[PDB]
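The file run20.json comes next; it holds JSON, C-alpha atoms and all ligand atoms.
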```json
[["chain", "number", "residue", "atom", "x", "y", "z"],
["P", 1, "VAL", "CA", -15.72, 55.78, -32.58],
["P", 2, "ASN", "CA", -14.15, 58.93, -30.97],
["P", 3, "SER", "CA", -13.79, 62.70, -31.79],
["P", 4, "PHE", "CA", -10.06, 62.76, -32.79],
["P", 5, "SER", "CA", -9.66, 64.01, -36.42],
["P", 6, "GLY", "CA", -6.79, 64.04, -38.99],
["P", 7, "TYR", "CA", -4.49, 61.56, -37.22],
["P", 8, "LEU", "CA", -2.19, 59.14, -39.06],
["P", 9, "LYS", "CA", -2.62, 55.57, -37.68],
["P", 10, "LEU", "CA", 0.84, 54.09, -36.75],
["P", 11, "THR", "CA", -0.36, 50.86, -35.05],
["P", 12, "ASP", "CA", -3.50, 49.13, -33.76],
["P", 13, "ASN", "CA", -3.60, 51.64, -30.85],
["P", 14, "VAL", "CA", -1.21, 54.59, -31.59],
["P", 15, "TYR", "CA", -2.18, 57.63, -33.69],
["P", 16, "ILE", "CA", -0.10, 60.77, -34.51],
["P", 17, "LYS", "CA", -0.79, 64.33, -35.76],
["P", 18, "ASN", "CA", 1.20, 67.60, -36.25],
["P", 19, "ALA", "CA", -0.78, 69.72, -33.77],
["P", 20, "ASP", "CA", -0.51, 72.03, -30.79],
["P", 21, "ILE", "CA", -1.72, 69.84, -27.89],
["P", 22, "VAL", "CA", -3.29, 72.99, -26.28],
["P", 23, "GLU", "CA", -5.40, 73.70, -29.43],
["P", 24, "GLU", "CA", -6.18, 69.99, -29.78],
["P", 25, "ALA", "CA", -7.39, 69.73, -26.15],
["P", 26, "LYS", "CA", -9.55, 72.89, -26.53],
["P", 27, "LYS", "CA", -11.23, 71.40, -29.68],
["P", 28, "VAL", "CA", -11.69, 67.73, -28.55],
["P", 29, "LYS", "CA", -12.09, 68.12, -24.73],
["P", 30, "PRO", "CA", -10.74, 64.58, -24.34],
["P", 31, "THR", "CA", -11.36, 62.48, -21.20],
["P", 32, "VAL", "CA", -7.55, 62.61, -20.53],
["P", 33, "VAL", "CA", -4.87, 65.03, -21.67],
["P", 34, "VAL", "CA", -1.29, 64.06, -20.66],
["P", 35, "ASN", "CA", 1.04, 66.77, -19.32],
["P", 36, "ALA", "CA", 4.80, 66.51, -19.65],
["P", 37, "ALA", "CA", 5.26, 67.15, -15.95],
["P", 38, "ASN", "CA", 8.25, 67.34, -13.61],
["P", 39, "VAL", "CA", 8.28, 65.87, -10.10],
["P", 40, "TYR", "CA", 7.44, 69.28, -8.54],
["P", 41, "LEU", "CA", 4.51, 69.94, -10.95],
["P", 42, "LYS", "CA", 6.20, 73.29, -11.73],
["P", 43, "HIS", "CA", 4.63, 74.03, -15.15],
["P", 44, "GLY", "CA", 7.17, 76.61, -16.40],
["P", 45, "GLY", "CA", 7.81, 75.75, -20.04],
["P", 46, "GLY", "CA", 7.44, 73.23, -22.83],
["P", 47, "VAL", "CA", 4.13, 71.39, -22.98],
["P", 48, "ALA", "CA", 3.51, 71.98, -19.23],
["P", 49, "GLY", "CA", 3.99, 75.75, -19.48],
["P", 50, "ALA", "CA", 1.68, 75.91, -22.50],
["P", 51, "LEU", "CA", -1.08, 73.75, -20.90],
["P", 52, "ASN", "CA", -0.85, 75.73, -17.66],
["P", 53, "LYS", "CA", -1.02, 79.10, -19.52],
["P", 54, "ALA", "CA", -4.18, 77.85, -21.33],
["P", 55, "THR", "CA", -5.78, 77.22, -17.85],
["P", 56, "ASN", "CA", -5.02, 80.83, -16.75],
["P", 57, "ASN", "CA", -2.65, 79.28, -14.11],
["P", 58, "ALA", "CA", -5.45, 77.20, -12.49],
["P", 59, "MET", "CA", -3.42, 74.03, -13.27],
["P", 60, "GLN", "CA", -0.47, 75.46, -11.25],
["P", 61, "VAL", "CA", -2.72, 76.50, -8.32],
["P", 62, "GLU", "CA", -4.18, 72.95, -8.14],
["P", 63, "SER", "CA", -0.72, 71.42, -8.57],
["P", 64, "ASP", "CA", 0.82, 73.45, -5.72],
["P", 65, "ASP", "CA", -1.96, 72.22, -3.37],
["P", 66, "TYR", "CA", -1.29, 68.60, -4.57],
["P", 67, "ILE", "CA", 2.47, 68.87, -3.82],
["P", 68, "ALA", "CA", 1.91, 70.60, -0.45],
["P", 69, "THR", "CA", -0.24, 67.56, 0.57],
["P", 70, "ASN", "CA", 1.58, 64.64, -1.16],
["P", 71, "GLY", "CA", 5.17, 65.70, -1.88],
["P", 72, "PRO", "CA", 6.89, 65.31, -5.23],
["P", 73, "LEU", "CA", 6.12, 62.63, -7.81],
["P", 74, "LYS", "CA", 8.67, 59.99, -8.81],
["P", 75, "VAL", "CA", 10.49, 60.18, -12.16],
["P", 76, "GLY", "CA", 8.46, 57.64, -14.20],
["P", 77, "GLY", "CA", 5.37, 58.32, -12.10],
["P", 78, "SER", "CA", 2.13, 60.24, -12.52],
["P", 79, "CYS", "CA", -0.92, 61.71, -10.83],
["P", 80, "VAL", "CA", -4.43, 62.44, -12.07],
["P", 81, "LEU", "CA", -5.67, 66.01, -11.51],
["P", 82, "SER", "CA", -8.32, 68.21, -13.11],
["P", 83, "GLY", "CA", -8.24, 68.91, -16.85],
["P", 84, "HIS", "CA", -9.67, 72.40, -16.19],
["P", 85, "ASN", "CA", -10.94, 73.96, -19.46],
["P", 86, "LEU", "CA", -8.89, 71.52, -21.61],
["P", 87, "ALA", "CA", -10.11, 67.98, -20.73],
["P", 88, "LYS", "CA", -12.01, 66.07, -18.03],
["P", 89, "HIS", "CA", -8.71, 64.97, -16.41],
["P", 90, "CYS", "CA", -4.99, 65.79, -16.75],
["P", 91, "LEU", "CA", -2.61, 62.88, -16.30],
["P", 92, "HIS", "CA", 0.65, 64.53, -15.18],
["P", 93, "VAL", "CA", 3.41, 62.09, -16.24],
["P", 94, "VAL", "CA", 7.09, 62.57, -15.38],
["P", 95, "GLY", "CA", 9.37, 61.33, -18.08],
["P", 96, "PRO", "CA", 13.13, 61.41, -17.37],
["P", 97, "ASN", "CA", 14.78, 64.79, -18.12],
["P", 98, "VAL", "CA", 18.07, 64.00, -19.97],
["P", 99, "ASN", "CA", 19.14, 67.69, -19.37],
["P", 100, "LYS", "CA", 19.10, 66.80, -15.57],
["P", 101, "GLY", "CA", 20.95, 63.40, -15.92],
["P", 102, "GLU", "CA", 17.86, 61.10, -15.37],
["P", 103, "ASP", "CA", 17.95, 57.40, -16.45],
["P", 104, "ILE", "CA", 16.34, 57.11, -19.94],
["P", 105, "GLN", "CA", 15.29, 53.49, -18.97],
["P", 106, "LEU", "CA", 12.62, 55.28, -16.85],
["P", 107, "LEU", "CA", 10.84, 56.33, -20.08],
["P", 108, "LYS", "CA", 9.13, 52.91, -20.34],
["P", 109, "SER", "CA", 7.86, 53.23, -16.72],
["P", 110, "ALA", "CA", 6.55, 56.73, -17.57],
["P", 111, "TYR", "CA", 4.57, 55.43, -20.58],
["P", 112, "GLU", "CA", 3.15, 52.52, -18.50],
["P", 113, "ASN", "CA", 1.00, 55.14, -16.68],
["P", 114, "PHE", "CA", -0.94, 55.62, -19.95],
["P", 115, "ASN", "CA", -2.21, 51.99, -19.70],
["P", 116, "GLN", "CA", -4.49, 53.03, -16.77],
["P", 117, "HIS", "CA", -6.61, 55.10, -19.23],
["P", 118, "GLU", "CA", -8.59, 53.73, -22.21],
["P", 119, "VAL", "CA", -8.03, 56.83, -24.43],
["P", 120, "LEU", "CA", -5.55, 59.73, -24.09],
["P", 121, "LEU", "CA", -4.35, 62.85, -25.93],
["P", 122, "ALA", "CA", -0.56, 63.05, -25.21],
["P", 123, "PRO", "CA", 2.78, 64.52, -26.19],
["P", 124, "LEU", "CA", 5.87, 62.39, -26.71],
["P", 125, "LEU", "CA", 7.32, 61.90, -23.22],
["P", 126, "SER", "CA", 10.84, 63.19, -22.54],
["P", 127, "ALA", "CA", 10.89, 65.04, -25.94],
["P", 128, "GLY", "CA", 11.42, 68.77, -26.45],
["P", 129, "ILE", "CA", 13.08, 70.51, -23.46],
["P", 130, "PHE", "CA", 13.33, 67.13, -21.60],
["P", 131, "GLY", "CA", 16.17, 66.35, -24.00],
["P", 132, "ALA", "CA", 15.45, 62.77, -25.19],
["P", 133, "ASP", "CA", 15.48, 61.63, -28.85],
["P", 134, "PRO", "CA", 11.81, 61.90, -29.98],
["P", 135, "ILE", "CA", 12.26, 58.91, -32.39],
["P", 136, "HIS", "CA", 13.19, 56.81, -29.34],
["P", 137, "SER", "CA", 10.24, 58.19, -27.35],
["P", 138, "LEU", "CA", 7.81, 57.18, -30.13],
["P", 139, "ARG", "CA", 9.32, 53.64, -30.27],
["P", 140, "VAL", "CA", 8.94, 53.21, -26.46],
["P", 141, "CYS", "CA", 5.37, 54.59, -26.71],
["P", 142, "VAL", "CA", 4.42, 52.04, -29.40],
["P", 143, "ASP", "CA", 6.11, 49.17, -27.55],
["P", 144, "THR", "CA", 4.63, 50.08, -24.08],
["P", 145, "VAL", "CA", 1.19, 51.69, -24.41],
["P", 146, "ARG", "CA", -1.64, 49.23, -25.12],
["P", 147, "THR", "CA", -4.53, 51.74, -24.71],
["P", 148, "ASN", "CA", -5.55, 54.21, -27.44],
["P", 149, "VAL", "CA", -3.13, 57.14, -27.60],
["P", 150, "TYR", "CA", -3.45, 60.23, -29.85],
["P", 151, "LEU", "CA", 0.00, 61.89, -30.04],
["P", 152, "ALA", "CA", -0.18, 65.58, -30.97],
["P", 153, "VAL", "CA", 3.34, 66.54, -32.16],
["P", 154, "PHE", "CA", 3.99, 70.37, -31.96],
["P", 155, "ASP", "CA", 6.96, 70.69, -34.46],
["P", 156, "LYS", "CA", 5.92, 70.11, -38.25],
["P", 157, "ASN", "CA", 9.52, 69.25, -39.18],
["P", 158, "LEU", "CA", 9.76, 66.68, -36.35],
["P", 159, "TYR", "CA", 6.32, 65.23, -37.18],
["P", 160, "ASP", "CA", 7.44, 64.50, -40.76],
["P", 161, "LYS", "CA", 10.69, 62.97, -39.53],
["P", 162, "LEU", "CA", 8.82, 60.75, -36.97],
["P", 163, "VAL", "CA", 6.39, 59.46, -39.67],
["P", 164, "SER", "CA", 9.08, 58.96, -42.36],
["P", 165, "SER", "CA", 11.42, 57.04, -39.98],
["P", 166, "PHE", "CA", 8.71, 54.94, -38.22],
["P", 167, "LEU", "CA", 9.22, 51.16, -38.41],
["T", 201, "LIG", "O1", 7.18, 72.07, -26.16],
["T", 201, "LIG", "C1", 6.20, 71.64, -26.64],
["T", 201, "LIG", "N1", 6.19, 70.33, -27.22],
["T", 201, "LIG", "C2", 7.39, 69.57, -27.13],
["T", 201, "LIG", "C3", 8.37, 69.76, -28.29],
["T", 201, "LIG", "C4", 8.42, 70.90, -29.07],
["T", 201, "LIG", "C5", 9.37, 70.99, -30.08],
["T", 201, "LIG", "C6", 10.27, 69.98, -30.31],
["T", 201, "LIG", "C7", 10.23, 68.85, -29.52],
["T", 201, "LIG", "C8", 9.27, 68.74, -28.54],
["T", 201, "LIG", "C9", 4.92, 72.47, -26.80],
["T", 201, "LIG", "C10", 4.94, 73.82, -26.49],
["T", 201, "LIG", "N2", 3.90, 74.57, -26.65],
["T", 201, "LIG", "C11", 2.78, 74.04, -27.12],
["T", 201, "LIG", "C12", 2.76, 72.68, -27.44],
["T", 201, "LIG", "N3", 3.83, 71.94, -27.26]]
```
What is this file in structure tokens?
Amino acid sequence: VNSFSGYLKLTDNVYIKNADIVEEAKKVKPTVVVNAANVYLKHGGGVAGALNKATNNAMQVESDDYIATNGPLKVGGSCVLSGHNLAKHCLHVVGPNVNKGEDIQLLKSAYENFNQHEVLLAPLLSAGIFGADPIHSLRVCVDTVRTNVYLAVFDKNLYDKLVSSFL
């Protein structure tokens, strides 16, 4: 049993809810919250900007130190940093940004990072300002992630479309 509430069960391991991932993290304080990161961990907008704002910029301060030491992530890659006030840990995962010309085939690699964690609160990778088709992102999620993932979908209209169209 875990603390996630009000989710629709899509599969054995994937759950979905129309929710602000910031507000969901604050309520649940999950072991892992996933950030929709870029390779520079520059948390300007989308999910990353919202998560970072909720940390009062502490996520960005930690991230800048991480990049100064390690250099940029790979598209499809991840790193584990603090979850600050939102979670124990933040898994910063870089899905391909279609609005920068990145190979959409890297979305499956991105979601494979989730398999290193038993339970996660996450957004749909490469959705929103990353430009991918969210219906595709949910299909890759279901077909790639084997651990327990709680997808908080920000847009109510998109949520209903994702549920209604789900095979
Ligand atoms: O961009 C965010 N989610 C991604 C998204 C939003 C709309 C349509 C598709 C994808 C976000 C922003 N702020 C808070 C929580 N999520």
Show which residues sit within 9 Å of residue 78 (chain P), as a list in words. Count all atoms listed in the file, and ignore same-chain residues fewer than 2 positions away. residues 37, 39, 73, 74, 75, 76, 80, 91, 92, 93, 94, 110 and 113 of chain P
Check every protein, DNA and RNA residue against ligand LIG 201 (chain T), keep those with an atom at most 7 Å away (counting all atoms listed in the file), and present them as a list in words. residues 20, 21, 22, 46, 47, 50, 123, 127, 128, 129, 153, 154, 155 and 158 of chain P
For residue 86 (chain P), find every residue with an atom within 10 Å (counting only C-alpha atoms), except residues of its own chain fewer than 3 positions away, and show them as a list in words. residues 21, 22, 23, 24, 25, 26, 27, 28, 29, 30, 31, 32, 33, 51, 52, 54, 55, 82, 83, 89 and 90 of chain P
Output the selection as a compact mmCIF listing (two decimals), keeping the file's coordinate frame - C-alpha atoms for each residue.
```txt
# COMPACT_ATOMS: atom_id res chain seq x y z
CA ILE P 21 -1.72 69.84 -27.89
CA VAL P 22 -3.29 72.99 -26.28
CA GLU P 23 -5.40 73.70 -29.43
CA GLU P 24 -6.18 69.99 -29.78
CA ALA P 25 -7.39 69.73 -26.15
CA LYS P 26 -9.55 72.89 -26.53
CA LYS P 27 -11.23 71.40 -29.68
CA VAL P 28 -11.69 67.73 -28.55
CA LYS P 29 -12.09 68.12 -24.73
CA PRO P 30 -10.74 64.58 -24.34
CA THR P 31 -11.36 62.48 -21.20
CA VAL P 32 -7.55 62.61 -20.53
CA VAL P 33 -4.87 65.03 -21.67
CA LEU P 51 -1.08 73.75 -20.90
CA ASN P 52 -0.85 75.73 -17.66
CA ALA P 54 -4.18 77.85 -21.33
CA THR P 55 -5.78 77.22 -17.85
CA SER P 82 -8.32 68.21 -13.11
CA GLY P 83 -8.24 68.91 -16.85
CA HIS P 89 -8.71 64.97 -16.41
CA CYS P 90 -4.99 65.79 -16.75
```
For residue 116 (chain P), the nearest of the candidates P:53, P:59, P:148, P:9, counting only C-alpha atoms: P:148
Which residue gives the smallest distance to residue 5 (chain P) among P:131, P:157, P:70, P:121, with only C-alpha atoms counted? P:121
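CA of residue 156 (chain P) is positioned 13.7 Å from CA of residue 8 (chain P).
Between CA of residue 69 (chain P) and CA of residue 96 (chain P) the interatomic distance comes to 23.2 Å.
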